[PDB]
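J.: Experimental structure and its sequence below.
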Amino acid sequence: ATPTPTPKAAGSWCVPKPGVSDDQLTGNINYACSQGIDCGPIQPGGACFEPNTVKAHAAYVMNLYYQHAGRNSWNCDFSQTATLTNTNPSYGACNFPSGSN
């Protein structure tokens, strides 16, 4: 009938800790990329892309992928790096993916 906007999600965020050994996080994209919705939609937009991290791609898909299985915390199968983090880590302009696009 009529297109209605959506609020902001909150609770937890599944993403690789920004600091771990690049090579370590890199293992994510490699694995996740073997899922389907991982490789491809990992294209940056420009908002926070730069600087762009290695496992950045994995962090992107982590949004949909996480909600692809069952939007559960166990949806994180990337690695011991990409997992549910504390409250919204987004300090501001840079918003972390919580699942919603």
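T.: Thanks, I have it. Numbers count the residues shown, from 1 in each chain.

J.: who's in contact with the nearest residue to residue 71 once chain neighbours are set aside?
T.: Spatial nearest neighbour of residue 71, chain neighbours left out: residue 99 (6.0 Å); criterion: Cβ to Cβ, 6 or more residues apart in numbering. (Each C-beta comes from the backbone N, C-alpha and C, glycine too.) Going by Cβ atoms under 8 Å, 6 or more residues apart in numbering, residue 99 touches 9, 14, 63, 64, 66, 67, 71.

J.: quick one: secondary structure of residue 99?
T.: In three-state terms, and counting by DSSP: H, G, I helix; E, B strand; the rest coil, residue 99 is coil.

J.: ok, back up a step: farthest-apart pair in the contacts of residue 99, please.
T.: 9 and 64 (13.2 Å; Cβ to Cβ).

J.: can you map out the strands along the protein?
T.: 13-16, 82-85 (DSSP state E).

J.: that older thread, what about burial for the contacts of residue 99, which qualify?
T.: Using 16 or more other Cβ atoms under 10 Å as the burial test, the contacts of residue 99 include 14, 63, 64, 66, 67 as buried.

J.: Hmm, residue 101 and the second one touching each other?
T.: Right, the one you point to is residue 63. Yes: if you go by Cβ atoms under 8 Å, residue 63 and residue 101 touch, sitting 6.6 Å apart.

J.: need the contacts of residue 99 in TSV with distance to residue 47, can you?
T.: Formatted as TSV, the contacts of residue 99 follow (distance: Cβ to Cβ, whole Å):
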residue	distance to residue 47
9	17
14	19
63	13
64	17
66	19
67	20
71	23
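
J.: List the contacts of residue 98.
T.: When contacts are counted by Cβ under 8 Å, 6+ apart, residue 98 touches 9, 10, 11, 12, 13, 63, 88.

J.: who wins for neighbours among those residues?
T.: Among the contacts of residue 98, residue 13 has the most neighbours (other Cβ atoms under 10 Å), with 23 neighbours.
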